[PDB]
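Working notes for the structure below.
Here the Cβ is made from the backbone with ideal geometry for all residues, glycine too, and neighbour counts use every protein chain on show. Basis: the model, the stated rules and, where named, an outside source; these are not laboratory values.
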DNA sequence: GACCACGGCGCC
DNA sequence: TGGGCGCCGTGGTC
Ligand SMILES: [Mg+2]
């Protein structure tokens, strides 16, 4: 490991240290590069950043993000993490990827660059004759790492003053519920403490314990348990309400405003690219993929997300991408005609299980077909089906068998995936992204059947992901050539920011690029809204 | 202060 | 016996 003075040969492997994991908040403590068997250690890291053509190494996207806040372009290129992730998506961290493919992840820039070259070598050849996963790395993941670096650096604009006024409203509503419940308890206790609540609910008050917690076996105070004791006591509704408010206060309203960045006046997530078993992205520090939208107070928080002045937000949402993906994968003639005909899946699905004349008089069957249609994706069981309808474990089974008479190639796809899973030891997406699921042949049924749900969701969830990522790759350069921005992805939706004048012209472009990303035996449909805020934009 | 397991819950 | 995530407070350890 011979030490050459800094200016490194072109195309070298970078190795960097940050004071903290978040590139947008980090100081560049150290910089290195490696090519052949030579270590080029930068004396002045931020200065040294100017000399690179592209970032190439573990966490390439991170360095490209920090470079971007500093004004420097610098895209990300090869990343052994991206390759390892495609071999086996349980490869999430460089600690692990190193300590599996022949290195040690250290807290030193040069050894991080020495690790990069070494890890990349040992992995790119480990991808010999994986045409499919090489296509995924070239035409999806490497390019996307750039797109994500641009998104992460842009950030999304937030109305702080608005959030701070909320905090004061919600604070006060919390205070009333708090003092209600205590009066009902006949004493005050910490309502954030589920231990203390447990005692209050089940010992002190006389209430029935419905279920128990997994690891420790305490009486559960979850929503599903409290929603089931709604009738039994007026303290329960209050507790439910107090959880709603404190969850949203503690998770979103209170902390988000403090994470505005001095240089931008914007919020910056991290989009982790090698963090999940299916090939979805996750979002982090903070997570903007779980900003609320169901509840009223929830919907008020979402208004806080706004466009720069003079711009608008464009929100684009795929419409049942996962069902459509299933239809494509299963090849169920019946099911794909429901999307080709431009019909309302759950309407038609109800009108096929029961087989009601045409489409007529189905208010409680709409719920019934909707529920099954996502419950085939997660492996929803009869009991669970029986619990969500008010109907018993018996009629619910027949719903399941009926649905498979409606859709016989779904079942055959299901079973085929399971068997090839056991055979090859993994399952895979339409683009050949794989997830190894070795418990498919476990001797304990609970764990086997748990494995099976994991196993047959992955091809659909990962294909929806694959489809979204490829769209992001395709769409982005069209947005840049239009001075539009790409702000967030939320699994099957995209939030873009565009200038008021061109906003409709961006919407149209974005929508069409997404409906046409990779055409299937069904069509992809996309809803689009425009607005000053995320809520308004009509997600 | 930094971190941990847990139960809980927001989103797709 | 519902897939995939990340973050909250509590209660507790160094
Ligand atoms: Mg949506």
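I'm checking my understanding of the structure. Among residues of segment A:294-304 that are in contact with a strand residue (DSSP E or B) (Cβ under 8 Å, 6 or more places away or on another chain) and in a helix (DSSP H, G or I), which one is nearest to DNA strand B (Cβ to nearest atom)?
A:302
With more than 16 Å from DNA strand B (Cβ to nearest atom), buried (at least 24 other Cβ atoms within 10 Å of the Cβ) and in a helix (DSSP H, G or I) as the only criterion, which of A:510, A:451 stands out? Outline the logic, then answer.
Details: A:451 fails: buried (at least 24 other Cβ atoms within 10 Å of the Cβ).
None of the others qualify; the one that does is A:510.
Scan segment A:109-129 residue by residue and report those that are surrounded by fewer than 18 Cβ atoms within 10 Å (Cβ to Cβ) and touching a residue at least 12 places away in the same chain (Cβ under 8 Å).
Selection gives A:122, A:124, A:126, A:127.
Only one of (1) in contact with a helix residue (DSSP H, G or I) (Cβ under 8 Å, 6 or more places away or on another chain); (2) not in a helix (DSSP H, G or I) fails for residue A:71. Which number is that?
(1)
Of the residues A:65, A:17, only one is under 21 Å from residue A:145 (Cβ atoms), touching a residue at least 40 places away in the same chain (Cβ under 8 Å) and not in a helix (DSSP H, G or I); which?
Just a single option satisfies the conditions, and that option is A:17.
Those residues that are within 14 Å of DNA strand B (Cβ to nearest atom), surrounded by fewer than 21 Cβ atoms within 10 Å (Cβ to Cβ) and part of a helix (DSSP H, G or I), I need them from segment A:250-270; list them, please.
Once the filter is applied, which keeps residues that are within 14 Å of DNA strand B (Cβ to nearest atom), surrounded by fewer than 21 Cβ atoms within 10 Å (Cβ to Cβ) and part of a helix (DSSP H, G or I), segment A:250-270 yields A:250, A:251, A:256.
One residue is enough: does segment A:460-477 have a residue meeting the conditions touching a residue at least 40 places away in the same chain (Cβ under 8 Å), more than 19 Å from residue A:144 (Cβ to Cβ) and either within 16 Å of DNA strand C (Cβ to nearest atom) or not assigned by CATH to the domain that holds residue A:286 (or both)?
There is at least one residue in segment A:460-477 that is touching a residue at least 40 places away in the same chain (Cβ under 8 Å), more than 19 Å from residue A:144 (Cβ to Cβ) and either within 16 Å of DNA strand C (Cβ to nearest atom) or not assigned by CATH to the domain that holds residue A:286 (or both).
Yes or no, residue by residue, for (1) within 12 Å of DNA strand C (Cβ to nearest atom); (2) touching a helix residue (DSSP H, G or I) at 6+ places or on another chain (Cβ under 9 Å); (3) not assigned by CATH to the domain that holds residue A:415:
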site	(1), (2), (3)
A:260	no, yes, yes
A:295	no, yes, yes
A:306	no, yes, yes
A:310	no, no, yes
A:313	no, yes, yes
A:333	no, yes, no
A:344	no, yes, no
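Out of the residues in segment A:215-235 that are closer than 25 Å to residue A:296 by Cβ and surrounded by 14 or more Cβ atoms within 10 Å (Cβ to Cβ), state the one that is nearest to DNA strand B (Cβ to nearest atom).
A:221
Limited to segment A:253-300, what total is found for residues that are more than 16 Å from the ligand (Cβ to nearest atom), farther than 30 Å from residue A:454 by Cβ and in contact (Cβ under 8 Å) with a residue 40 or more places away in the chain?
14
One residue is enough: does segment A:518-538 have a residue meeting the conditions within 16 Å of DNA strand C (Cβ to nearest atom) and either closer than 26 Å to residue A:292 by Cα or assigned by CATH to the domain that holds residue A:290 (or both)? Outline the logic, then answer.
So in segment A:518-538, the residues within 16 Å of DNA strand C (Cβ to nearest atom) come out as none.
No, the conditions are met nowhere in segment A:518-538.
Just to check your reading of the model, which residue among A:390, A:382, A:450, A:396 is assigned by CATH to the domain that holds residue A:348 and within 27 Å of the chain's Cα centre (by Cα)?
On the way: A:390 fails: within 27 Å of the chain's Cα centre (by Cα); A:382 fails: within 27 Å of the chain's Cα centre (by Cα); A:396 fails: within 27 Å of the chain's Cα centre (by Cα).
Being assigned by CATH to the domain that holds residue A:348 and within 27 Å of the chain's Cα centre (by Cα) holds for just one of A:390, A:382, A:450, A:396, which is A:450.
Picking from A:212, A:247, A:238, which residue would you name as being more than 30 Å from residue A:487 (Cα to Cα), away from the ligand (no atom under 16 Å from the Cβ) and either surrounded by fewer than 17 Cβ atoms within 10 Å (Cβ to Cβ) or in the same structural domain as residue A:70 (by CATH) (or both)?
One residue alone meets the criteria, A:212.
For segment A:493-505: of the residues being more than 24 Å from the chain's Cα centre (by Cα) and touching a residue at least 40 places away in the same chain (Cβ under 8 Å), which is surrounded by the most Cβ atoms within 10 Å (Cβ to Cβ)?
Only one residue tops the list, namely A:503.
Yes or no, residue by residue, for (1) surrounded by 15 or more Cβ atoms within 10 Å (Cβ to Cβ); (2) in contact (Cβ under 8 Å) with a residue 40 or more places away in the chain:
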{"site": "A:362", "(1), (2)": "yes, no"}
{"site": "A:371", "(1), (2)": "yes, no"}
{"site": "A:375", "(1), (2)": "yes, no"}
{"site": "A:401", "(1), (2)": "no, no"}
{"site": "A:406", "(1), (2)": "yes, yes"}
{"site": "A:416", "(1), (2)": "no, no"}
{"site": "A:419", "(1), (2)": "no, no"}
{"site": "A:423", "(1), (2)": "no, no"}
{"site": "A:434", "(1), (2)": "yes, yes"}
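If you scan segment A:271-293, which residues turn out to be touching a helix residue (DSSP H, G or I) at 6+ places or on another chain (Cβ under 6 Å) and not in a loop (DSSP other than H, G, I, E, B)?
A:271
Every residue, every condition in (1) in a loop (DSSP other than H, G, I, E, B); (2) in contact (Cβ under 8 Å) with a residue 40 or more places away in the chain; (3) on the phi < 0 side of the Ramachandran plot; (4) within 12 Å of DNA strand C (Cβ to nearest atom), yes or no:
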| residue | (1), (2), (3), (4) |
| --- | --- |
| A:197 | no, yes, yes, yes |
| A:203 | no, no, yes, no |
| A:209 | yes, no, yes, no |
| A:215 | yes, no, yes, yes |
| A:226 | no, no, yes, no |
| A:236 | no, no, yes, no |
| A:241 | no, yes, yes, no |
| A:246 | no, yes, yes, yes |
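Name, by its number, the condition in (1) under 15 Å from residue A:406 (Cβ atoms); (2) within 16 Å of DNA strand B (Cβ to nearest atom); (3) assigned to a loop (DSSP other than H, G, I, E, B) that does not hold for residue A:359.
(2)
Give segment A:521-539 a look and list any residue that's crowded, with 18+ Cβ neighbours inside 10 Å and under 24 Å from residue A:345 (Cα atoms), or say none.
A:522, A:524, A:526, A:528, A:539
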